[PDB]
Protein chains: 2
Amino acid sequence: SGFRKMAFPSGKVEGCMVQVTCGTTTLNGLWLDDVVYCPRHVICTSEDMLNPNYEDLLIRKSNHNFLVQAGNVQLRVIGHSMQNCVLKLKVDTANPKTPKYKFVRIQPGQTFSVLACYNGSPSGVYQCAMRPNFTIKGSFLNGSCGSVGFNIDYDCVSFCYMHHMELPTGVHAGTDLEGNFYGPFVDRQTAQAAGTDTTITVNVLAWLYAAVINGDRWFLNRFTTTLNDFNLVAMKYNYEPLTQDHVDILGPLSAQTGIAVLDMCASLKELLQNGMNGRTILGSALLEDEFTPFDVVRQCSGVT
Amino acid sequence: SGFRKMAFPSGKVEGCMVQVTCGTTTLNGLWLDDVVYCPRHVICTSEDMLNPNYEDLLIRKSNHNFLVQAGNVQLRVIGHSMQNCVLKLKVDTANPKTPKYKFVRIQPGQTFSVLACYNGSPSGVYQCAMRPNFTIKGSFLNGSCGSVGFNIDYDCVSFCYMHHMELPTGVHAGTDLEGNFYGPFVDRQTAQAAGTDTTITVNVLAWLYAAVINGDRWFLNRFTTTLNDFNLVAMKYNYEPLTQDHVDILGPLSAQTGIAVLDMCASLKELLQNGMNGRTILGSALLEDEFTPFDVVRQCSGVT
Ligand SMILES: CCc1ccncc1NC(=O)Cc1cccc(C(F)(F)F)n1
Ligand SMILES: CCc1ccncc1NC(=O)Cc1cccc(C(F)(F)F)n1
């Protein structure tokens with residue numbers, strides 16, 4: 001019993017973290033096989049960041065200008081290329097600690113663990129969600145760029161996120177491991193709008209199933225609703241419209257608890273319309289949307 | 001910017017997790033040097049747990065009855081002894097992945113990371129606090145026993161917790177790495193009372209400093225208070241009495257923000273008396289007490 005915002009064990013990712021220096025800039029890199037991936041803004045200076053011409057800036061750089069340090073050993077750089085907003089530094093040594101890995105582009109609403117790093121050294125690990133507006137509400141400071149987000153399926157690490165920017169609003173923006181930013185964000189120090197962020201309805205419902213599984217049942221009621229009626233309420237409270245796909249994904253949790261998905265929606269509808277009334281659910285005074293149905297099943301069944 | 005419930009990177013601890021089987025029971029063990037530490041209730045059966053006589057039960061066991069598996073290799077057990085509520089299995093091989101480590105007994109209110117494990121395999125990592133009543137609000141299932149709690153100072157892992165029990169109330173109880181339980185709890189399947197749990201006042205204040213540092217300032221007000229006046233309010237709301245030690249520990253956060261500790265106490269006093277009024281602080285609708293002043297400084301300064 002008990003339910004926590006659990007992150008994946010970070011060991012497989014710590015073994016890939018390197019430090020990348022280019023000129024005066026130092027940030028983190030990801031060493032997998034003979035390649036170090038890092039944000040391309042490592043080649044920029046404080047003046048450059050207003051409107052950098054990355055192709056022009058990268059032309060002024062040679063393999064020897066990229067200093068890559070793994071712990072305390074220096075890696076020799078034999079190649080450099082730009083792929084979208086990431087630089088790929090080919091090194092002469094394959095990382096002996098490379099785990100089985102994939103590069104995956106996650107969907108908004110999906111969750112992942114972040115290993116925040118500074119100077120190629122890991123400082124902490126936390127569980128995040130890619131917001132519907134493609135931002136992440138992380139915990140990153142100057143030097144954290146290059147820190148990655150990932151998921152783990154037994155021995156395979158799926159890298160999904162690389163940290164690049166903090167938006168003026170304090171929220172975080174980054175790329176997949178191919179350098180494609182999530183959302184409309186560009187790697188420029190300019191005014192950038194994160195869209196309207198909605199609440200991940202399927203995740204909130206999954207978390208209500210986790211609550212019932214773990215003893216918190218007060219919010220359960222004698223009511224039911226329809227997908228259309230529920231979505232009228234979701235619209236008003238800036239929640240993601242619930243679809244039959246979402247209902248189907250909640251199927252295992254519905255079967256485990258014996259509470260029909262639309263019955264759980266009616267409970268959520270009443271929580272949205274009436275609030276918590278000073279009560280808590282799983283130790284929280286708000287509706288938690290950073291646990292997917294998969295996270296709930298995994299945590300409630302002890303998947304290692 | 002941003003503030004998350006961040007756990008330490010778990011790599012150094014994953015490399016120590018082994019599986020310990022004894023009879024029909026399987027749980028986790030901690031392999032450091034040539035010793036595997038695990039909860040002594042590994043020698044028990046379902047009948048035994050009502051009132052086990054551990055000295056008598058352990059006498060029926062020999063080195064060969066303790067099956068220790070590290071990943072997929074079997075460890076040879078050349079010694080076994082009981083130290084309080086932990087069994088120490090001497091193995092013939094020192095763990096090649098043993099980090100620099102200490103065994104420390106934490107204080108109530110201090111925080112730590114837990115690496116939840118099943119069958120000697122890590123499943124997730126989360127940040128916890130040792131409650132004032134010596135319980136932890138963890139996320140553990142059957143098989144999680146032997147999972148450890150720890151802190152990291154650069155390269156040294158300080159092990160502070162070993163998971164042993166889930167109390168009938170759904171809260172978790174365990175020991176230091178010498179087998180001494182935190183709190184009055186015993187390793188018997190009996191009625192066990194966790195005392196009155198209070199809110200860790202110094203941690204809530206530290207989290208209010210983290211909020212101001214990270215942009216959330218609405219709760220700040222034109223008032224001040226005294227340690228005695230604040231403690232009258234803390235008493236009423238089951239908060240830990242604030243002492244001059246607590247004030248002194250908040251000194252670095254007070255100096256960083258320029259907000260006197262007693263001014264922050266007045267803000268907390270008003271939040272206790274008036275509630276949040278449907279607002280949030282650092283994305284939370286309640287007063288968070290699982291970040292110590294040290295955690296706040298560490299996260300806000302990027303200590304690796
Ligand atoms: C406050 C520093 C910080 C904090 C939390 N995450 C990240 C950072 N760092 C940055 O955002 C660096 C930076 C500044 C300007 C422009 C760019 C861009 F090229 F990516 F667009 N990067
Ligand atoms: C529900 C299983 C579980 C879940 C979350 N943490 C732990 C557990 N397991 C146990 O508590 C095992 C157990 C049962 C009875 C008595 C004892 C004791 F000897 F330690 F006292 N241990």
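Sequence lines set the chain letters: A, B, ... in the order given, protein chains first and strands last, and positions in each chain run from 1. Every number for a ligand or one of its atoms is a count from 1 in the order of the listing. Only this structure's heavy atoms are used, side chains among them; waters, hydrogens and symmetry mates stay out.
Residues satisfying the side chain to side chain donor-acceptor pair (under 3.5 Å) criterion with B:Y182, sequence neighbours excluded, are absent altogether. For the salt bridge (charged side-chain N to carboxylate O under 4.0 Å, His left out) test, residues two or more places apart in sequence or in another chain that qualify with B:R4 are A:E290. Considering only residues two or more places apart in sequence or on other chains, B:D176 meets the salt bridge (charged side-chain N to carboxylate O under 4.0 Å, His left out) condition with B:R105.
Within 4.0 Å of ligand 2, protein heavy atoms come from B:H41, B:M49, B:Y54, B:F140, B:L141, B:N142, B:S144, B:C145, B:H163, B:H164, B:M165, B:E166, B:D187, B:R188, B:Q189.
The aromatic ring centres of B:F181 and B:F134 sit 6.0 Å or more apart. Ring centroid separation for the pair B:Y161 and B:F112 comes in under the 6.0 Å cut-off.
The environment of A:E55 atom CD is sparse: at most 12 non-hydrogen atoms of other residues, nucleotides or ligands sit within 6.0 angstrom.
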